[PDB]
Each structure stands twice: as C-alpha cells, then as structure tokens.
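First the structure, in the form of structure tokens, and then the observations on it.
Lettering follows sequence order; numbering is per chain, from 1. Note: hydrogens, waters and symmetry copies are ignored here, and every other heavy atom, side chains too, is used.
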Amino acid sequence: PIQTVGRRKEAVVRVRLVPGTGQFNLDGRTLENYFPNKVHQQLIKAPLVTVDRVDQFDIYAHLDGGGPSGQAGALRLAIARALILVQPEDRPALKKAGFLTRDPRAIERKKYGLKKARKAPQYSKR
Amino acid sequence: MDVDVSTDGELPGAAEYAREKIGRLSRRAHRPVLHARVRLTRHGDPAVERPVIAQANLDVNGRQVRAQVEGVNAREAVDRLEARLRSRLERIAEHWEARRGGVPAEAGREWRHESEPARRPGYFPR
Amino acid sequence: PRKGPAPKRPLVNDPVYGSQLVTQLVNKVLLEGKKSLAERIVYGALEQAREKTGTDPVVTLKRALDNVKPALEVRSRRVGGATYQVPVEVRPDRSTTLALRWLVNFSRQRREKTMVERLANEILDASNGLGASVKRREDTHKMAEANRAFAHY
Amino acid sequence: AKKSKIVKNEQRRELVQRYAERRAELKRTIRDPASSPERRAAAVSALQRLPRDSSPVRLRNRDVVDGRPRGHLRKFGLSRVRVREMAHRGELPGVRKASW
Amino acid sequence: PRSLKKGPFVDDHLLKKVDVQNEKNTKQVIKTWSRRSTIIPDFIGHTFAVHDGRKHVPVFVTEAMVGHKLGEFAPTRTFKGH
Amino acid sequence: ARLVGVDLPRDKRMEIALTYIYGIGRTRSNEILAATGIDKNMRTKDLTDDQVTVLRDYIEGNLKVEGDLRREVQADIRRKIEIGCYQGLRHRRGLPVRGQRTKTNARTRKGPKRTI
Amino acid sequence: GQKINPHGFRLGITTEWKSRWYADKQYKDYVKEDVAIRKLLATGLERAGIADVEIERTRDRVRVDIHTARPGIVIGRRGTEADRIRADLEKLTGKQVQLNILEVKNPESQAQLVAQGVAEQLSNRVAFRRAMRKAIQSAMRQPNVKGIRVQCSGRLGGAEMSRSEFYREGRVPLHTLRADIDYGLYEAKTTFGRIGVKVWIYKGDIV
Amino acid sequence: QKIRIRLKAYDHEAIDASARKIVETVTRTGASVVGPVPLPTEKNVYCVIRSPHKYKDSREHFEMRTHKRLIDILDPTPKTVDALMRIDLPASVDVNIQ
RNA sequence: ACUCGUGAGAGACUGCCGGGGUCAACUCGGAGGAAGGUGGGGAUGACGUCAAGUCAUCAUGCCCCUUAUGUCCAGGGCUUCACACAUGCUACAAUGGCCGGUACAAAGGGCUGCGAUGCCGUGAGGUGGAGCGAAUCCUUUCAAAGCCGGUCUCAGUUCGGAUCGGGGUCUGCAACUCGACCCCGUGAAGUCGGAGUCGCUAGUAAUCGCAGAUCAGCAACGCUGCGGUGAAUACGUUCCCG
C-alpha cells in the first residue's frame, strides 16, 4: 500500500489509495455525506480529471483539523501526491497545473495595538 | 462659533476671555469650522518665566489648525494664541485668491512643478 | 502602485457552468465571505433566467454584459493647476468589472422580494436592453461625450 | 505604596489563616444542604459576628516587594513593572522574550 | 436581590435596638448607620435616623416600604440643575 | 376577531396574533395555545366562535391583560413614587432607575436631545 | 525607550539565568525569598564589588553563590563574616543554606564592577571625564576585551542641567545576537541627586 | 511492574542530558527501558506594558516553556531502585516517580 | 506503517541556464525545487528631537507637614447630568428573523481549582461527587458562521432591542446608592445616516465563534491571543499628507 498526507492551513488529510472503483470513503462517510459543496468536490477531483484516472481508484481518507475548505485543499494535495507516487510519469501535468505545491498561506498572527492582524484602530485627527 | 475651553487648576476668567477671543476667528476662516477646542495649563514650578500655556484646535472643514503659546498670565497667552491662529488661518486659505499667484500659469515662463510640459514633435527641429 | 503594477489573481473557472464570468459574478455578489450563499444566489438567478427565456443562461448573461459594458468613462484630471472631467477609453477588464458591479448593485435595490428574483429580473432586462444598469451606461456615455472638448489631454 | 497599606494586608492573611481555615467554613458547610436546619441554627448571624478581616473578600494581593495594587500577576506574585525588569535580568527561571 | 434561602438581612445593632424599642410599646427616633439593612415588619412604627454621608435623615417607616432597605430613603447625591 | 376587547390582525398565525394582546408575549401565547388545544399555526380568519370563547374564558381565567394590567402597573409605579424611595424620585424626574450611567447616554428616559 | 536590556536580549542564546531551580506550586514564595536574599546581600556587602549573585534551590538545601572582586573583605578570617551571613540567611527561612563565595578573574573586564568603580569615583569628587577615561583604558588593557562603551547621565558636575555623555572604544554591536555584550548599571549617590552610570563591554562572539 | 519517571525543566538541553544519564544508569543496572518519549511543550504567555505610566499601545510579551520527557522501565530489580534513588541531577530539572 | 508530539539534520545560496548590462554592482526571464531572489510574520528601534510622559511602580536633590498634609474606623464618593467630544457594540432586516435536524478548529486553563454521570428546576441554577497537577479527567465527546427542511412575505413587522413592572439565581459579612445572570410581561429610537473623516494590498479587509489575564463576583461590548469562511481593486504619481 501507499500513504501520503495533505496539509492546507492546519487541515491535515491522510489518504489511502487502492485501485478499486472511484468510491470516496472519508472517515466512514461518502463524498456527498461529506463535502456537500459542488466547488469543493470539483476541487477534490481536479487532479484526477487532469490526469483522466477517474473512477479507477478506491480512496480512503482521514480528516482532522480545520474547516471544510482547508480539508478539501489538503485532500486535493494528498491525492496529487498519491498520484505522483503511483504513476511518476504524469508529474509534468500535475506540476504545471500547480497541484504539487503546498499552499503556504496561514492565518496571520494578531498584533498588539491593532484590532486584527492588519486592521488598525480608528484614529481621530480632530 | 462654539468653543469649548478645558482649563485645569486655577485660572479664573481665562475661560470666558479665551472663548470670546477665539470665537471671533470664525469669519476669518474661509470654510465652516466644525469644532474648536482650547486648553489652558499653568506650570507648577515658580521658576518658569512663562508658566501659562494655551493650545487651540480648529477643524476647518476637515483641515486641522492648531497653535500653542506661552505667557505670564491668562490674558497674554490667549492674545498670543489668537495672533498665532490668525496667522495659521491666513496660511491655510486655499481659495482662489490664495492660490492665484501659485498657478503655474506663466505661459512658457516661470517653470513650476505643475507647469504644462512642452509638446515635442517626433522629428528634430533643425 | 508607486513602484509598478501589482500581479492579478487567477481565479478559477466555475465547475457547473465552465465560464470565468460566473465566478467573477459570484465574487461580486459575495458578502462577508459567505461564498456558499453567493453561489446559491447566482445559480438560482441563472436557473430563473433559463426558465424565463428557455435557453442557456450564460449566453444571455454575456448579452446583458455587452448591453451594459461601457467604453468611455470620465475621470478628473489635474493638468496645469486645473481640474476637468476628461473622457477616457476603458480597458476591457475595467469595463467588465464596471458592468458586473453595476448589475449587482442595481439588482440589489430592485423590489423583487428576494435577491435571486431581483438579480434574475435585472439580468433579463439588461439582456433585453431595458435595465437600470443599461440606463447607467447610457448616462456615462452621454457624460463622456458632453466633455469631448477636454479629450485632448 | 504606603508602608501602612503594605503591612495592612499581612494581618488580614494571618487572620484569614486563623479564622477561615475551619470557623468561617464550617458554618457555610451547614448552609449548603436545605435539609440542614439553618433557621434555628442562626449560624448566619454567628458568621456575621466574626470580624470582617476573617473574610477573604477583603484580601488584596499586591506586589510582594513593591506593594503596587494593580497589574498583578499570580504566577510570580509580582507587579507588571517589576516582572518586566526582573525577567530582563534573568532572575525568574524559564522566562524570556516571546516571538512567533 | 438577595437569595431567599439566606433570608432578609438586618444588622444586629438596629435589630436589638428596635426589639427593645417595641418591648415597652413606645417608639423613639433610632440613630442608625446601616443603610444595608432590610425593612422588616417590626419597624412599622419606628422612625429611623439613617446616615446619608453628611447627616442622618429621619425616616418614618410605613406599611408599603417594608421589604426595602434603609438606603432607599436616604438620598446621597444632591442635584438641583445646571 | 375581537378578543378581550382587542381586534386581532387580519392574517397572522395564532400565537403571534395573540401576542397583540397587551398582557401576552410569545411564551404566554404558545403555552395558552398548547393548554387550550387550538393549533398554533392557524390563521386569524379560520377561527370559530367557540375557539374565540375558549380563548376568552381561559385568558380571563388565569391571566391578567389589557386594562387591569395597565392600571396595576401604573399603580405600582405611583406607589413607588409616593413612598419617597430612590426609584420614586428617579421616576419623578424622568431619569433611568436601574443604575444606568447618565453622563452621556440614557436618552430614552431623557427623551429627544435638547440644546442649551 | 530606546534600547532593551542586553542581558534580556540574549537570555536564551548567550547569557544565562541567575537563578536555577524549578517550582510548580511554590513559584511565588520561591521568587519572594529569592528577591529577599538579593536585597539582603546587596545591602550587607558594598565594600567589595558584588558582581553577581546566583541562587540554586533543591528541596531544603539552598545554594547561594556570589562573585566579588575582594573575597577577603566578605569572609571572616575566623568565619565572623561567614558566621554572620550564614546566621541571617537562616533567619531568612532558607532552611539549610550553604554559600560558595567566589572571585572574579579579571575585575576590569566585568561591566558591573566597572560601573561600580566609576560610580564610586563620581560620588566623592572626581570629574566624570577622568573616571570614564580611566575605566576605558583599564578595560581596554585587558586581553579579551574587544569594545567598551561608558555612559553616565544626570546632573553631572553638580550642574542645574542634566546631561548625557558617552565614550566608546572599538566595537559595541548591540544589534548582533551572537556577540556577548556584558551590561552593567549602577547609580552614583552625589549630594546633588542621583547619577546613573551604564557600561557596555564587547568580548568577541560565542557559538 | 513498571514505574513512571516524569521529567520537567525549563531548559531542553538539561532535560535531554538528564534523560540520557538516567537511561545510562538504568542500563548499567541491567534493565529494559523504552526511551525518552518526547511530550508536548507547555507554553505560558504573558503580555505587559513597557512604560510605568501611560504608553499602553507598547506591549512586551514573555513566555515560560516547560519541556516534558517520559521515562518508563521494566523488570524493577532492587539494584535499579537503589540506583534511581542514588542519582544527582541539576536543580533545574525535577523528577516525578509514579 | 501513516499523522502527531520533540530532538538532531538537510534544504535557497542568484546555486544553474539565457539575455541586458563598464564584464561591475545590479537587473529580466527560464529550469530544478516545498519554497526564488532580504519566501511569510515576529523579536531587534542609530546620534538625537519634542525641557514629550511618569516625584502616584520604584528610587531620589531641595522644600514643606509632623498632636498633622501621619495613622485606625463606619458611612459616602470616584457611578453625580441641560450638554459637548472620542472609541466601540447592537441595529435599522429576506445575502434576513424564528423553529428542527446535522458537519468540520486551533490555542489555552485547572488543587482547597477544573469539576463529569445521575437526579431536581423551564432557566439562571441546586444536590452530589467520578476522574484529574492532567497529550490521560474537566473545559462536555468541544464551536459558530455552514448545510438540509419548515415557517414568516417586505410591515416600524415573527425586524430592533432600549426603557420599565413583577418574580428569581449566584458570589459576597453585605448587591440601596452601585454586580452579573435567568423567567414573564412591556416593545423606544431606528427605513443605511450632512459637511467632513477612518482602516485595509491576500489568507488581508469583511464576517463567525473559542480561549486567557485581572478576577469572590462581575460593569468585558475592553485588552491580549486562537482558529473557521473568505473578497474587490492598484491605470498611475498631476493633486492631499508625511
């Protein structure tokens, strides 16, 4: 077997890929019971559609941390990593399309003296 | 023109004199005054030759005007403050009479920063 | 913007219609980051438009955009210490942005009891050439023309 | 602050240690169960008889060296002014500046 | 307000003052300093000199004012307008 | 339909229409509708005369609303006034009575702003 | 507020905590007794330059190590000074307290001792330029010193106006983390007020 | 029967050295160990104001970090017990035996 | 085995390629790579200025009080209100209100503290005490916006919650002046705000919740952190400010 990880702004996805049918088992739930957002499902399946290996891989995925969007992004990255591990000669397609790049966008730390990371208190000149 | 005076400690009659002197500057301002505040403060140390310090702040249609002086008593400080504020208001005018001399104008003369650049043909004059 | 132009964000194609313009539309109607609600609103509006007309919604959306897309806009210019309203040609991206913003706003103050219905009616009348956004484009073109004397700088 | 006020707290502590250990708590342990006969007990009146300094409610933790009554930190028992200078000199173990 | 299990709160000083006041069925003016005590039906006729911060204001109890505190009838801050 | 001297709205669900009685809010309406058996989601024009009379006698039975409640409230405020208590004179001069700050806010008791 | 304390800048990198112990429930009273010990030792000993005081705690037994430039002053030849310090440290409820009195190898390379000496010289009669120059030359004469800066502020020379003066020799890289900057501060008692003296000393890098 | 050894210190280097020394001692006595299992570092954060009086917007942050190590042994021969109660460690690190 | 936790290390150095370049700095693009050109964010603040702030953290020269300006106690005040200014929160609604079901976090705290199961109250809450100095137990197994279903049909309303009447709970010696919270009723202004003005360039603004310190209780809508969802726009330096 093979196992990869996807990490998207603290959302961690552990995946397990076998050559079964395109069924999605996400922590004992399916792709529709989970992820009831069409854009999210497209985001998951995009590496498959650009690699055209749809409905020919059984997927077991572990989800922990973050919200649905971060989980979806980490899941897509994990799928891309599993694909490159399984079929190395597809790397140009996945890399050019940007699915092999971990997204280094994290919640910016809140700073003292400011209400938010960048938002500043209203200052009155008068 | 409504002015609020925020003194401190001992300064009898300073508030009324300051309010009446400052409120006469409303007509001198070329734009409506949104707010006007005056603060009177006396230095505790007897060694200070000019103990009384007066400050003002006027919101001249969003433009901040402020001045600060020192004096030996309330009357002198207020009068010097009025003179200083009048000077600042004169320098702030920004209506047409205030900027008619600064208009680059001077057709082909008195090169200024905003003077209209000369139009140049593609070919050399010769 | 003092040191030079800034990179653009390559936002992705919509999954269920496959066009860039619908994603631009959802990001225009978006509020407070509630993307799902915006997508629901726009999909409902497009399906309403398809039901009323009977054809694909994207073609009618493009027709409405072209009906409301502007070409000439007026900006305040300061030359030689004086400000005038100068008519300026509009780059394609700015024209599409203006069209989308006008559509969203003028649909926001319609009177159709729901955002979906207001948006659908606005896009339909824009496709037909009767919308208030079309009127806004008419006024902006008239304003640009009335100041054609100042186009020389 | 004032040495009078600095020392005024310690007698409150030893009074609380003298009283609140069992006398000012056994009465409360009787008021808790409604089955307990509180009305003829009049232990509410008895607890009122006790001096106010027996009450921990009047206790005011101050700077253990300076007597400053505000900006107190329980971990060190120190004022905010004092901990900042004492940490910079490395006198509190395992304390340093933060960065993340 | 105070919980009902604890019961009404009255300081012992004025409590024993009023109970010896009513044992011989005459009410004199009682000088008190506890604004936090509650009005209890044994005060019904007694006139209290409740402290204000500067002086003591005479307070004659009636039926309606039972259940309140003596401080309800000794106003502290004085204001007449600007 | 006239209930306890109050006309109902023309088309509202029952409990919310019952809130239009002065002594009745959302909780009271729900609980009285649950007790007296009429369903809560029925409109105000589908009611029968028997439904009206069962609401009428139940409300007159274990509730106080409208004139009696208003006069009781006014009597309570007046009695609080005449005993000279703190809240009394607080009511007397139209200032907040529950310790609210009066340096800036409390226009509700003060009314609209007046300039001097 | 311009510069943070150099010891606190490199606390987790170059410098070390001056009190080594661990406490979970008893952190507060440990801190209280520590500061009590520090103030007692600062008050009692002033003739010899007390450069640094360390405290190590382990259950009952407490270890207080102090560095001085003149150990003989602080120790009784029969233990008289040792007896006195041991006794009033027993009085400080330190249970069993044992003391390791130590000596600084090169007094002129220690910033705290330098500030102590300059402050003492300033207090009696000495012009401040003389004191700063003498200290700078003495510390520069030391083999390992790479840069020293001396600054003292206040009513210098008994004047009515306060002034700040500083002389530097060599390199004093206050912004560099790996550079170990020895920082020392001490207030001089004059008849006209209080004069604050600070010393920075640079002695290469540590890696 | 196994006895738990818990380590807590403010300095990671000292706690690592203590862990390795304890492991060396218990292996000297002839025991079976698991190894210095690392545990999450506890972080206590404090924020203060720099100036004594005003200047609130200027704050300084401090933190206290505690490092935890877990030592577990098996086959507790009395020689190992006696060796455990004959170990000297820096005053910074405390050892919890359970 | 895969995460994860925490120790050691590698990895970005214009390293390489191509072109501009004085063959110089530098600069443009490409490849490889997780990341490309000080990667993102912190900590770090030169000589000085403004006699800026602080004798009320502390220390301190000089002056002053010393049957008091020192000190102990009860009560009161710091919460006063015709107004004015400033920072915020909640709204004026359908991109919503209400009801039912249902999914995903991080960080942090806890010994005379966290406090679970159960039972009793409608609800604050009461009784009771399991297990926990805690990667273990408790903070519920942790969220809310989100998703699904119903209802409301554009109204000063099923919006909005101020004010006020009544009744309670908890802490505390004691909630009158002057606490928080719960229940019933009451249902104000408010229909998107003039002149003018503020913040923000990307995981940012906007929006949603969670935690901590101080703390018996809390006036916390404040401050310091943590994560969830997540935009638009930048043509360009003529004008405003530094």
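Figure legend. I:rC81 is base-paired to no nucleotide; pairs are counted as Watson-Crick or G-U wobble with both atom distances under 3.5 Å. With both pairing distances under 3.5 Å, I:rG100 is matched to I:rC148 as a Watson-Crick or G-U wobble pair. I:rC226: Watson-Crick or G-U partner is I:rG209, with both key distances under 3.5 Å.
Between F:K12 and I:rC152 there is no side-chain polar atom (N or O) within less than 4.0 angstrom of OP1 or OP2. In terms of phosphate contacts, F:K103 brings no side-chain nitrogen or oxygen within less than 4.0 Å of OP1 or OP2 of I:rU79. The side chain of D:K75 places no N or O atom within less than 4.0 Å of a non-bridging phosphate oxygen (OP1 or OP2) of I:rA213. In this model, the phosphate group of I:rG76 is approached by a side-chain N or O of E:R35 to a distance below 4.0 Å at OP1 or OP2. For the pair A:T101 and I:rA35, the criterion of a side-chain N or O lying under 4.0 Å from OP1 or OP2 is met. The shortest distance between the side-chain N/O atoms of H:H53 and the OP1/OP2 oxygens of I:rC55 is not below 4.0 Å. Look at F:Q74 and you won't find any side-chain N or O under 4.0 angstrom from OP1 or OP2 of I:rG165. In this structure, C:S36 does not reach the I:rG146 phosphate: none of its side-chain N or O atoms is under 4.0 Å from OP1 or OP2.
Below the 3.5 angstrom threshold, one finds no donor paired with an acceptor across the side chain of D:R28 and the base of I:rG172.
Atom-to-atom, CD of A:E10 to P of I:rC210 comes out at 18 Å; the value is rounded to the nearest Å. Distance NE2 (E:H68) to P (I:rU177): 11 Å, rounded to an integer number of Å. In this entry the distance linking NZ of A:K125 with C1' of I:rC240 reads 13 Å, nearest Å. One atom, CD of A:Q3, and another, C1' of I:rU3, lie 10 Å apart when rounded to the nearest Å.
Pairing between I:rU169 and I:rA180: present (Watson-Crick or G-U wobble, both distances under 3.5 Å). Judged by the 3.5 Å cutoff on both pairing distances, I:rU117 and I:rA206 do not qualify as a Watson-Crick or G-U wobble pair.
Using a 4.0 Å heavy-atom cutoff across all strands shown, C:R78 reaches at least one base atom of the nucleic acid.
Taking the ring centroids of D:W100 and H:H61, they lie under the 6.0 Å cut-off.
The listed nucleotides are I:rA202, I:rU71, I:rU214; the one nearest the side chain of D:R74 is I:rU214. For E:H82, the side-chain atoms get nearest to I:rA82 when compared with the rest of I:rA82, I:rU163, I:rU6.
Note that F:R70 lies in the cation-pi zone of F:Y22, set by a 6.0 Å cut-off to the ring centre and a 45° limit from the axis.
In the model, C:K35 has no side-chain atom that pairs as donor or acceptor with a side-chain atom of A:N37 under 3.5 Å.
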